[PDB]
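> Data file data_35.cif (mmCIF, N, CA and C atoms) is appended below.
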```cif
data_target
loop_
_atom_site.label_atom_id
_atom_site.label_comp_id
_atom_site.auth_asym_id
_atom_site.auth_seq_id
_atom_site.Cartn_x
_atom_site.Cartn_y
_atom_site.Cartn_z
N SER W 79 26.84 22.33 -23.17
CA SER W 79 26.88 23.75 -23.51
C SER W 79 26.18 24.58 -22.44
N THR W 80 24.86 24.68 -22.54
CA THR W 80 24.04 25.42 -21.59
C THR W 80 23.00 24.49 -20.98
N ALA W 81 22.34 24.98 -19.92
CA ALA W 81 21.30 24.19 -19.28
C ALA W 81 20.11 23.99 -20.20
N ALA W 82 19.73 25.02 -20.96
CA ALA W 82 18.60 24.90 -21.88
C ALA W 82 18.90 23.90 -22.99
N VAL W 83 20.08 24.01 -23.61
CA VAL W 83 20.51 23.10 -24.67
C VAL W 83 21.97 22.74 -24.44
N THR W 84 22.29 21.46 -24.55
CA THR W 84 23.64 20.96 -24.30
C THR W 84 24.25 20.43 -25.59
N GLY W 85 25.49 19.96 -25.48
CA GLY W 85 26.22 19.40 -26.60
C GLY W 85 26.04 17.91 -26.82
N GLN W 86 25.25 17.23 -26.00
CA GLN W 86 25.04 15.79 -26.13
C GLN W 86 23.55 15.48 -26.14
N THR W 87 23.16 14.55 -27.01
CA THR W 87 21.75 14.20 -27.15
C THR W 87 21.22 13.40 -25.97
N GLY W 88 22.04 12.57 -25.35
CA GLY W 88 21.59 11.73 -24.26
C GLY W 88 21.48 12.41 -22.91
N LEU W 89 21.82 13.69 -22.83
CA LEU W 89 21.80 14.44 -21.58
C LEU W 89 20.64 15.42 -21.60
N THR W 90 19.81 15.38 -20.56
CA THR W 90 18.69 16.30 -20.41
C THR W 90 18.78 16.97 -19.04
N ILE W 91 18.55 18.28 -19.03
CA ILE W 91 18.62 19.09 -17.81
C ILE W 91 17.23 19.65 -17.55
N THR W 92 16.71 19.40 -16.35
CA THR W 92 15.42 19.94 -15.92
C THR W 92 15.70 21.17 -15.07
N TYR W 93 15.74 22.34 -15.72
CA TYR W 93 16.05 23.58 -15.02
C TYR W 93 14.79 24.15 -14.40
N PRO W 94 14.76 24.36 -13.09
CA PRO W 94 13.57 24.92 -12.45
C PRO W 94 13.34 26.36 -12.86
N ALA W 95 12.06 26.73 -12.94
CA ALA W 95 11.66 28.10 -13.24
C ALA W 95 10.87 28.75 -12.12
N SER W 96 10.48 28.00 -11.10
CA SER W 96 9.72 28.53 -9.97
C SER W 96 10.32 27.99 -8.68
N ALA W 97 9.95 28.64 -7.57
CA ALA W 97 10.45 28.26 -6.26
C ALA W 97 9.84 26.96 -5.74
N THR W 98 8.81 26.43 -6.41
CA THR W 98 8.12 25.24 -5.96
C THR W 98 8.27 24.06 -6.92
N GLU W 99 9.38 23.98 -7.65
CA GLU W 99 9.65 22.86 -8.54
C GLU W 99 11.09 22.41 -8.38
N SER W 100 11.34 21.16 -8.77
CA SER W 100 12.63 20.52 -8.56
C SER W 100 13.51 20.64 -9.80
N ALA W 101 14.78 20.25 -9.64
CA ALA W 101 15.75 20.22 -10.71
C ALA W 101 16.25 18.79 -10.89
N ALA W 102 16.53 18.42 -12.14
CA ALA W 102 16.93 17.06 -12.44
C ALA W 102 17.97 17.05 -13.55
N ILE W 103 18.96 16.17 -13.40
CA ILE W 103 19.98 15.92 -14.42
C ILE W 103 19.91 14.44 -14.75
N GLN W 104 19.55 14.11 -15.99
CA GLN W 104 19.32 12.74 -16.41
C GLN W 104 20.23 12.39 -17.58
N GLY W 105 20.88 11.24 -17.49
CA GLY W 105 21.74 10.74 -18.56
C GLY W 105 21.27 9.39 -19.05
N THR W 106 21.34 9.18 -20.36
CA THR W 106 20.87 7.95 -20.99
C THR W 106 22.06 7.15 -21.51
N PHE W 107 22.13 5.88 -21.12
CA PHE W 107 23.22 5.02 -21.55
C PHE W 107 23.10 4.70 -23.04
N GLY W 108 24.23 4.64 -23.72
CA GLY W 108 24.22 4.31 -25.13
C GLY W 108 25.60 4.45 -25.74
N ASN W 109 25.64 4.28 -27.06
CA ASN W 109 26.87 4.37 -27.85
C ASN W 109 27.91 3.37 -27.38
N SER W 110 28.86 3.82 -26.56
CA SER W 110 29.92 2.96 -26.04
C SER W 110 29.48 2.19 -24.80
N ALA W 111 28.25 2.39 -24.34
CA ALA W 111 27.76 1.66 -23.19
C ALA W 111 27.43 0.21 -23.57
N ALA W 112 27.18 -0.60 -22.55
CA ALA W 112 26.82 -2.00 -22.78
C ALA W 112 25.47 -2.10 -23.47
N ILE W 113 25.33 -3.14 -24.30
CA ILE W 113 24.07 -3.37 -25.00
C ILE W 113 22.97 -3.73 -24.01
N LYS W 114 23.32 -4.47 -22.96
CA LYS W 114 22.32 -4.87 -21.97
C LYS W 114 21.71 -3.66 -21.27
N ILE W 115 22.53 -2.67 -20.93
CA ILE W 115 22.05 -1.50 -20.19
C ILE W 115 21.79 -0.35 -21.15
N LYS W 116 21.62 -0.66 -22.44
CA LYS W 116 21.29 0.36 -23.43
C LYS W 116 19.89 0.92 -23.17
N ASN W 117 19.73 2.21 -23.48
CA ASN W 117 18.49 2.98 -23.39
C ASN W 117 18.03 3.22 -21.96
N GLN W 118 18.73 2.69 -20.96
CA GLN W 118 18.37 2.98 -19.58
C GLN W 118 18.83 4.38 -19.20
N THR W 119 18.20 4.93 -18.17
CA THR W 119 18.45 6.30 -17.75
C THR W 119 18.84 6.35 -16.28
N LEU W 120 19.86 7.15 -15.99
CA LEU W 120 20.26 7.49 -14.63
C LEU W 120 20.05 8.98 -14.44
N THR W 121 19.35 9.36 -13.37
CA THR W 121 18.99 10.75 -13.15
C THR W 121 19.48 11.21 -11.78
N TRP W 122 19.97 12.45 -11.75
CA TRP W 122 20.29 13.15 -10.51
C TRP W 122 19.26 14.25 -10.30
N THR W 123 18.46 14.12 -9.24
CA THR W 123 17.37 15.04 -8.97
C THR W 123 17.71 15.93 -7.79
N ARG W 124 17.26 17.18 -7.85
CA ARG W 124 17.45 18.15 -6.79
C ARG W 124 16.11 18.73 -6.38
N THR W 125 15.77 18.59 -5.10
CA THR W 125 14.57 19.23 -4.58
C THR W 125 14.78 20.74 -4.53
N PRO W 126 13.70 21.52 -4.61
CA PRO W 126 13.85 22.98 -4.47
C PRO W 126 14.42 23.40 -3.13
N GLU W 127 14.34 22.55 -2.11
CA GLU W 127 14.93 22.83 -0.81
C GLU W 127 16.45 22.75 -0.82
N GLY W 128 17.04 21.92 -1.68
CA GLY W 128 18.48 21.83 -1.80
C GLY W 128 19.11 20.49 -1.47
N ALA W 129 18.36 19.39 -1.58
CA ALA W 129 18.88 18.05 -1.31
C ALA W 129 19.02 17.29 -2.62
N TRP W 130 20.18 16.66 -2.82
CA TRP W 130 20.45 15.88 -4.02
C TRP W 130 20.34 14.39 -3.73
N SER W 131 19.91 13.64 -4.74
CA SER W 131 19.83 12.19 -4.65
C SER W 131 19.94 11.61 -6.05
N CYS W 132 20.22 10.31 -6.11
CA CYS W 132 20.45 9.62 -7.37
C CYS W 132 19.47 8.46 -7.54
N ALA W 133 19.12 8.19 -8.79
CA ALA W 133 18.26 7.06 -9.13
C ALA W 133 18.62 6.59 -10.54
N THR W 134 18.26 5.34 -10.83
CA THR W 134 18.58 4.76 -12.12
C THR W 134 17.60 3.64 -12.43
N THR W 135 17.49 3.30 -13.71
CA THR W 135 16.59 2.26 -14.19
C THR W 135 17.31 0.96 -14.54
N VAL W 136 18.61 0.87 -14.26
CA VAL W 136 19.38 -0.33 -14.56
C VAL W 136 19.00 -1.43 -13.58
N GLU W 137 19.44 -2.66 -13.86
CA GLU W 137 19.16 -3.78 -12.97
C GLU W 137 19.85 -3.57 -11.63
N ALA W 138 19.33 -4.26 -10.61
CA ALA W 138 19.83 -4.06 -9.25
C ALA W 138 21.30 -4.43 -9.13
N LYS W 139 21.71 -5.54 -9.75
CA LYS W 139 23.10 -5.95 -9.69
C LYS W 139 24.02 -4.96 -10.40
N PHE W 140 23.49 -4.14 -11.30
CA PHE W 140 24.26 -3.07 -11.91
C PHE W 140 24.17 -1.76 -11.15
N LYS W 141 23.29 -1.66 -10.16
CA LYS W 141 23.09 -0.41 -9.43
C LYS W 141 24.20 -0.22 -8.40
N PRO W 142 24.87 0.93 -8.40
CA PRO W 142 25.83 1.22 -7.33
C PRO W 142 25.12 1.45 -6.00
N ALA W 143 25.86 1.22 -4.92
CA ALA W 143 25.30 1.38 -3.58
C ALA W 143 24.90 2.82 -3.28
N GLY W 144 25.51 3.79 -3.95
CA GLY W 144 25.17 5.18 -3.74
C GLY W 144 23.95 5.62 -4.52
N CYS W 145 23.49 4.77 -5.44
CA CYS W 145 22.32 5.07 -6.26
C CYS W 145 21.21 4.03 -6.08
N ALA W 146 21.27 3.23 -5.02
CA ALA W 146 20.23 2.24 -4.77
C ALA W 146 18.93 2.94 -4.36
N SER W 147 17.81 2.46 -4.90
CA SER W 147 16.51 3.06 -4.61
C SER W 147 16.12 2.87 -3.15
N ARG K 99 -33.72 -14.92 29.25
CA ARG K 99 -34.83 -15.71 28.75
C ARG K 99 -36.16 -15.18 29.25
N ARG K 100 -37.23 -15.58 28.56
CA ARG K 100 -38.59 -15.33 29.02
C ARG K 100 -39.36 -16.64 28.99
N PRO K 101 -39.04 -17.57 29.89
CA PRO K 101 -39.81 -18.81 29.97
C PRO K 101 -41.12 -18.56 30.70
N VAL K 102 -42.20 -19.10 30.16
CA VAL K 102 -43.54 -18.83 30.66
C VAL K 102 -43.99 -20.03 31.49
N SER K 103 -44.24 -19.79 32.77
CA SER K 103 -44.82 -20.81 33.64
C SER K 103 -46.30 -20.95 33.31
N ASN K 104 -46.67 -22.10 32.77
CA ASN K 104 -48.01 -22.29 32.23
C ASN K 104 -48.94 -23.03 33.18
N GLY K 105 -48.68 -22.98 34.48
CA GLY K 105 -49.58 -23.64 35.42
C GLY K 105 -49.59 -25.14 35.20
N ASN K 106 -50.75 -25.75 35.42
CA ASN K 106 -50.89 -27.20 35.24
C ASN K 106 -51.03 -27.48 33.75
N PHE K 107 -49.88 -27.55 33.09
CA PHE K 107 -49.84 -27.82 31.65
C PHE K 107 -50.48 -29.16 31.33
N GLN K 108 -50.24 -30.17 32.16
CA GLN K 108 -50.85 -31.47 31.94
C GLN K 108 -52.37 -31.38 32.02
N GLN K 109 -52.88 -30.53 32.91
CA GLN K 109 -54.33 -30.42 33.05
C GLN K 109 -54.96 -29.88 31.78
N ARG K 110 -54.44 -28.78 31.25
CA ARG K 110 -54.99 -28.23 30.02
C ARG K 110 -54.73 -29.16 28.85
N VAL K 111 -53.69 -29.99 28.94
CA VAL K 111 -53.49 -31.04 27.96
C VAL K 111 -54.64 -32.03 28.00
N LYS K 112 -55.02 -32.46 29.20
CA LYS K 112 -56.21 -33.30 29.35
C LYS K 112 -57.42 -32.61 28.76
N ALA K 113 -57.50 -31.29 28.96
CA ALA K 113 -58.56 -30.51 28.35
C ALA K 113 -58.44 -30.47 26.84
N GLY K 114 -57.31 -30.90 26.29
CA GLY K 114 -57.12 -30.83 24.85
C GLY K 114 -56.88 -29.44 24.33
N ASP K 115 -56.11 -28.63 25.04
CA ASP K 115 -55.88 -27.25 24.66
C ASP K 115 -54.58 -27.14 23.89
N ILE K 116 -54.63 -26.52 22.71
CA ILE K 116 -53.41 -26.10 22.04
C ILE K 116 -52.77 -24.99 22.87
N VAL K 117 -51.45 -25.06 23.04
CA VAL K 117 -50.77 -24.15 23.96
C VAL K 117 -49.61 -23.49 23.23
N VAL K 118 -49.44 -22.19 23.46
CA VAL K 118 -48.32 -21.43 22.95
C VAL K 118 -47.77 -20.61 24.11
N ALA K 119 -46.55 -20.11 23.93
CA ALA K 119 -45.96 -19.31 24.98
C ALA K 119 -44.94 -18.36 24.39
N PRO K 120 -45.05 -17.06 24.67
CA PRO K 120 -44.02 -16.12 24.22
C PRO K 120 -42.72 -16.42 24.95
N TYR K 121 -41.76 -16.98 24.22
CA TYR K 121 -40.58 -17.56 24.83
C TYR K 121 -39.32 -17.03 24.17
N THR K 122 -38.26 -16.93 24.97
CA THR K 122 -36.94 -16.57 24.49
C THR K 122 -35.93 -17.55 25.05
N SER K 123 -35.05 -18.03 24.19
CA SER K 123 -33.89 -18.77 24.66
C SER K 123 -32.82 -17.80 25.14
N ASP K 124 -31.77 -18.36 25.75
CA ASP K 124 -30.67 -17.56 26.28
C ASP K 124 -29.80 -17.10 25.12
N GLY K 125 -30.25 -16.04 24.45
CA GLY K 125 -29.53 -15.53 23.31
C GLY K 125 -28.29 -14.76 23.71
N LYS K 126 -27.50 -14.41 22.70
CA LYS K 126 -26.24 -13.71 22.90
C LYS K 126 -25.97 -12.79 21.72
N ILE K 127 -25.32 -11.66 21.98
CA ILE K 127 -24.88 -10.75 20.94
C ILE K 127 -23.45 -10.34 21.26
N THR K 128 -22.56 -10.49 20.29
CA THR K 128 -21.16 -10.11 20.43
C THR K 128 -20.81 -9.11 19.34
N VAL K 129 -20.02 -8.12 19.72
CA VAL K 129 -19.42 -7.16 18.80
C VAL K 129 -17.92 -7.24 19.02
N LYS K 130 -17.15 -7.54 17.98
CA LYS K 130 -15.68 -7.46 17.98
C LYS K 130 -15.26 -6.29 17.12
N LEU K 131 -14.45 -5.40 17.66
CA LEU K 131 -13.83 -4.31 16.89
C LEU K 131 -12.38 -4.69 16.63
N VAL K 132 -11.97 -4.71 15.36
CA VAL K 132 -10.67 -5.26 14.95
C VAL K 132 -9.86 -4.16 14.28
N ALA K 133 -8.74 -3.79 14.89
CA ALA K 133 -7.85 -2.82 14.27
C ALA K 133 -7.17 -3.35 13.01
N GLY K 134 -6.81 -2.44 12.12
CA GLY K 134 -6.22 -2.74 10.83
C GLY K 134 -4.81 -2.22 10.67
N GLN K 135 -3.91 -3.16 10.39
CA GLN K 135 -2.57 -2.94 9.88
C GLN K 135 -2.60 -2.21 8.52
N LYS K 136 -2.20 -0.95 8.47
CA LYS K 136 -2.26 -0.08 7.29
C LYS K 136 -0.86 0.46 6.93
N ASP K 137 -0.34 0.04 5.77
CA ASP K 137 0.95 0.50 5.23
C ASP K 137 0.96 2.02 4.99
N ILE K 138 2.13 2.66 5.11
CA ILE K 138 2.29 4.10 4.89
C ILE K 138 3.53 4.48 4.06
N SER K 139 4.66 3.81 4.24
CA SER K 139 5.91 4.14 3.54
C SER K 139 6.89 2.98 3.53
N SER K 140 7.93 3.07 2.70
CA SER K 140 9.00 2.10 2.57
C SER K 140 10.12 2.76 1.77
N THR K 141 11.33 2.22 1.93
CA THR K 141 12.47 2.80 1.23
C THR K 141 13.56 1.77 0.95
N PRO K 142 14.04 1.00 1.94
CA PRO K 142 15.06 -0.01 1.63
C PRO K 142 14.48 -1.09 0.73
N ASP K 143 15.01 -1.19 -0.48
CA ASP K 143 14.48 -2.06 -1.51
C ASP K 143 15.52 -3.12 -1.87
N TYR K 144 15.07 -4.37 -1.95
CA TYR K 144 15.95 -5.49 -2.26
C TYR K 144 15.21 -6.50 -3.11
N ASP K 145 15.90 -7.05 -4.11
CA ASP K 145 15.36 -8.12 -4.94
C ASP K 145 16.23 -9.36 -4.77
N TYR K 146 15.61 -10.53 -4.88
CA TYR K 146 16.30 -11.79 -4.69
C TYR K 146 15.90 -12.76 -5.79
#
```
Reformat the file's structure so that it appears as structure tokens.

Amino acid sequence: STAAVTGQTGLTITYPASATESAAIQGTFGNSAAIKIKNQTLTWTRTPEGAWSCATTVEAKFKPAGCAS
Amino acid sequence: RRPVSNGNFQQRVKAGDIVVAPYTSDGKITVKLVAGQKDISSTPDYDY
């Protein structure tokens, strides 16, 4: 729906309010996801400068090459 | 060193004199300064 509140419980948006803080989009695996990777979180973070990057808490063999730490 | 030449040591020995001498052996002092390998950052991560 909106950045403050969305239509899904597993999605959280970190909307910046100042010029010196970052932005983050985090999604939590569940429901139709695998039981093994249940409750894990994948987040897309944005620095206030304007660079995007990806990170996740899943196992390494489940981590895509574009989201490797 | 500071070895003390005590003259006729045998003579004063005959005299029965206890003898002492302010003496130094060939001492040595070493200082080693050793640099330290100090970590700062990392990024490529792999598990095996």
> Looking at only N, CA and C atoms, which of K:106, K:99, K:140, K:135 is the one that sits closest to residue 121 of chain K?
K:99
> Starting from the displayed file, determine the output of the PyMOL selection byres ((chain W) within 8 of (chain K)) and express the residue list as a PyMOL selection string.
chain W and resi 138+146-147
> So that I can see what lies close to residue 102 of chain K, please list as a list in words the residues with an atom at most 7 Å from it, counting only N, CA and C atoms and leaving out residues fewer than 3 positions away in the same chain.
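With the cut-off at 7 Å, the set is residues 105, 119, 120, 121 and 122 of chain K.
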> List every residue of chain K that DSSP, applied to the backbone, labels as helix (DSSP H, G or I), and write the result as a PyMOL selection string.
chain K and resi 107-112
> Looking only at strand (DSSP E) from DSSP on the backbone, list the matching residues of chain W as a PyMOL selection string.
chain W and resi 89-92+101-106+119-124+130-134
> To box segment 87-104 of chain W, take all atoms listed in the file, fit an axis-aligned box, add 5 Å on each side, and give centre and edge lengths in Å to one decimal, as AutoDock Vina command-line options.

```
--center_x 15.6 --center_y 20.2 --center_z -16.4 --size_x 25.0 --size_y 27.0 --size_z 31.4
```
> Could you list, as a PDB file with N, CA and C atoms, keeping the file's coordinate frame, every residue matched by the PyMOL selection byres (((chain W and resi 119 and name CA) around 9) and name CA) in this structure?

```
ATOM      1  N   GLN W 104      19.550  14.110 -15.990  1.00  0.00           N
ATOM      2  CA  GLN W 104      19.320  12.740 -16.410  1.00  0.00           C
ATOM      3  C   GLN W 104      20.230  12.390 -17.580  1.00  0.00           C
ATOM      4  N   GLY W 105      20.880  11.240 -17.490  1.00  0.00           N
ATOM      5  CA  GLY W 105      21.740  10.740 -18.560  1.00  0.00           C
ATOM      6  C   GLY W 105      21.270   9.390 -19.050  1.00  0.00           C
ATOM      7  N   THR W 106      21.340   9.180 -20.360  1.00  0.00           N
ATOM      8  CA  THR W 106      20.870   7.950 -20.990  1.00  0.00           C
ATOM      9  C   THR W 106      22.060   7.150 -21.510  1.00  0.00           C
ATOM     10  N   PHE W 107      22.130   5.880 -21.120  1.00  0.00           N
ATOM     11  CA  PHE W 107      23.220   5.020 -21.550  1.00  0.00           C
ATOM     12  C   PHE W 107      23.100   4.700 -23.040  1.00  0.00           C
ATOM     13  N   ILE W 115      22.530  -2.670 -20.930  1.00  0.00           N
ATOM     14  CA  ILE W 115      22.050  -1.500 -20.190  1.00  0.00           C
ATOM     15  C   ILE W 115      21.790  -0.350 -21.150  1.00  0.00           C
ATOM     16  N   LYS W 116      21.620  -0.660 -22.440  1.00  0.00           N
ATOM     17  CA  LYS W 116      21.290   0.360 -23.430  1.00  0.00           C
ATOM     18  C   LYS W 116      19.890   0.920 -23.170  1.00  0.00           C
ATOM     19  N   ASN W 117      19.730   2.210 -23.480  1.00  0.00           N
ATOM     20  CA  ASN W 117      18.490   2.980 -23.390  1.00  0.00           C
ATOM     21  C   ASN W 117      18.030   3.220 -21.960  1.00  0.00           C
ATOM     22  N   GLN W 118      18.730   2.690 -20.960  1.00  0.00           N
ATOM     23  CA  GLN W 118      18.370   2.980 -19.580  1.00  0.00           C
ATOM     24  C   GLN W 118      18.830   4.380 -19.200  1.00  0.00           C
ATOM     25  N   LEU W 120      19.860   7.150 -15.990  1.00  0.00           N
ATOM     26  CA  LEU W 120      20.260   7.490 -14.630  1.00  0.00           C
ATOM     27  C   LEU W 120      20.050   8.980 -14.440  1.00  0.00           C
ATOM     28  N   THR W 121      19.350   9.360 -13.370  1.00  0.00           N
ATOM     29  CA  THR W 121      18.990  10.750 -13.150  1.00  0.00           C
ATOM     30  C   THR W 121      19.480  11.210 -11.780  1.00  0.00           C
ATOM     31  N   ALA W 133      19.120   8.190  -8.790  1.00  0.00           N
ATOM     32  CA  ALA W 133      18.260   7.060  -9.130  1.00  0.00           C
ATOM     33  C   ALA W 133      18.620   6.590 -10.540  1.00  0.00           C
ATOM     34  N   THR W 134      18.260   5.340 -10.830  1.00  0.00           N
ATOM     35  CA  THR W 134      18.580   4.760 -12.120  1.00  0.00           C
ATOM     36  C   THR W 134      17.600   3.640 -12.430  1.00  0.00           C
ATOM     37  N   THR W 135      17.490   3.300 -13.710  1.00  0.00           N
ATOM     38  CA  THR W 135      16.590   2.260 -14.190  1.00  0.00           C
ATOM     39  C   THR W 135      17.310   0.960 -14.540  1.00  0.00           C
ATOM     40  N   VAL W 136      18.610   0.870 -14.260  1.00  0.00           N
ATOM     41  CA  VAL W 136      19.380  -0.330 -14.560  1.00  0.00           C
ATOM     42  C   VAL W 136      19.000  -1.430 -13.580  1.00  0.00           C
TER      43      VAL W 136
END
```
> Just give me the gap between atom C of residue 87 of chain W and atom N of residue 114 of chain W in Å, one decimal is fine.
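Atom-to-atom, atom C of residue 87 of chain W to atom N of residue 114 of chain W, that is 18.2 Å.
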> What lies within 6.5 Å of residue 91 of chain W using all atoms listed in the file, ignoring chain neighbours under 3 positions off, as a PyMOL selection string?
chain W and resi 81+102-104
> How many Å separate atom C of residue 144 of chain W from atom N of residue 131 of chain W?
9.0 Å
> So what do you get for atom CA of residue 109 of chain W versus atom CA of residue 88 of chain W, distance-wise?
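Distance between the two atoms: 9.7 Å.
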> Using only C-alpha atoms for the distances, tell me which of W:101, W:112, W:95, W:82 is nearest to residue 128 of chain W.
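Checking each candidate against residue 128 of chain W, we get W:101 as the closest.
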> As an mmCIF file, keeping the file's coordinate frame, please: segment 126-141 of chain W completed to N, CA, C and O atoms.

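That gives us out_35.cif:
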```cif
data_model
loop_
_atom_site.group_PDB
_atom_site.id
_atom_site.type_symbol
_atom_site.label_atom_id
_atom_site.label_comp_id
_atom_site.auth_asym_id
_atom_site.auth_seq_id
_atom_site.Cartn_x
_atom_site.Cartn_y
_atom_site.Cartn_z
ATOM 1 N N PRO W 126 13.700 21.520 -4.610
ATOM 2 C CA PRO W 126 13.850 22.980 -4.470
ATOM 3 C C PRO W 126 14.420 23.400 -3.130
ATOM 4 O O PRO W 126 14.941 24.521 -3.016
ATOM 5 N N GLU W 127 14.340 22.550 -2.110
ATOM 6 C CA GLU W 127 14.930 22.830 -0.810
ATOM 7 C C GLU W 127 16.450 22.750 -0.820
ATOM 8 O O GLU W 127 17.100 23.463 -0.048
ATOM 9 N N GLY W 128 17.040 21.920 -1.680
ATOM 10 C CA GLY W 128 18.480 21.830 -1.800
ATOM 11 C C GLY W 128 19.110 20.490 -1.470
ATOM 12 O O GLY W 128 20.290 20.452 -1.109
ATOM 13 N N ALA W 129 18.360 19.390 -1.580
ATOM 14 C CA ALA W 129 18.880 18.050 -1.310
ATOM 15 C C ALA W 129 19.020 17.290 -2.620
ATOM 16 O O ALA W 129 18.085 17.258 -3.428
ATOM 17 N N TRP W 130 20.180 16.660 -2.820
ATOM 18 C CA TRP W 130 20.450 15.880 -4.020
ATOM 19 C C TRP W 130 20.340 14.390 -3.730
ATOM 20 O O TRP W 130 20.638 13.940 -2.622
ATOM 21 N N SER W 131 19.910 13.640 -4.740
ATOM 22 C CA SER W 131 19.830 12.190 -4.650
ATOM 23 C C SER W 131 19.940 11.610 -6.050
ATOM 24 O O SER W 131 19.775 12.309 -7.051
ATOM 25 N N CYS W 132 20.220 10.310 -6.110
ATOM 26 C CA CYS W 132 20.450 9.620 -7.370
ATOM 27 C C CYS W 132 19.470 8.460 -7.540
ATOM 28 O O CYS W 132 19.045 7.840 -6.562
ATOM 29 N N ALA W 133 19.120 8.190 -8.790
ATOM 30 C CA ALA W 133 18.260 7.060 -9.130
ATOM 31 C C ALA W 133 18.620 6.590 -10.540
ATOM 32 O O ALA W 133 19.190 7.335 -11.337
ATOM 33 N N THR W 134 18.260 5.340 -10.830
ATOM 34 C CA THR W 134 18.580 4.760 -12.120
ATOM 35 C C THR W 134 17.600 3.640 -12.430
ATOM 36 O O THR W 134 16.959 3.090 -11.525
ATOM 37 N N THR W 135 17.490 3.300 -13.710
ATOM 38 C CA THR W 135 16.590 2.260 -14.190
ATOM 39 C C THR W 135 17.310 0.960 -14.540
ATOM 40 O O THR W 135 16.684 0.043 -15.071
ATOM 41 N N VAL W 136 18.610 0.870 -14.260
ATOM 42 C CA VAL W 136 19.380 -0.330 -14.560
ATOM 43 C C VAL W 136 19.000 -1.430 -13.580
ATOM 44 O O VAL W 136 18.322 -1.181 -12.576
ATOM 45 N N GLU W 137 19.440 -2.660 -13.860
ATOM 46 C CA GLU W 137 19.160 -3.780 -12.970
ATOM 47 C C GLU W 137 19.850 -3.570 -11.630
ATOM 48 O O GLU W 137 20.818 -2.813 -11.501
ATOM 49 N N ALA W 138 19.330 -4.260 -10.610
ATOM 50 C CA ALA W 138 19.830 -4.060 -9.250
ATOM 51 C C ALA W 138 21.300 -4.430 -9.130
ATOM 52 O O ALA W 138 22.074 -3.728 -8.469
ATOM 53 N N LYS W 139 21.710 -5.540 -9.750
ATOM 54 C CA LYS W 139 23.100 -5.950 -9.690
ATOM 55 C C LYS W 139 24.020 -4.960 -10.400
ATOM 56 O O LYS W 139 25.226 -4.949 -10.123
ATOM 57 N N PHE W 140 23.490 -4.140 -11.300
ATOM 58 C CA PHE W 140 24.260 -3.070 -11.910
ATOM 59 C C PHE W 140 24.170 -1.760 -11.150
ATOM 60 O O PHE W 140 24.920 -0.825 -11.461
ATOM 61 N N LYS W 141 23.290 -1.660 -10.160
ATOM 62 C CA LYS W 141 23.090 -0.410 -9.430
ATOM 63 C C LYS W 141 24.200 -0.220 -8.400
ATOM 64 O O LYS W 141 24.459 -1.119 -7.599
#
```
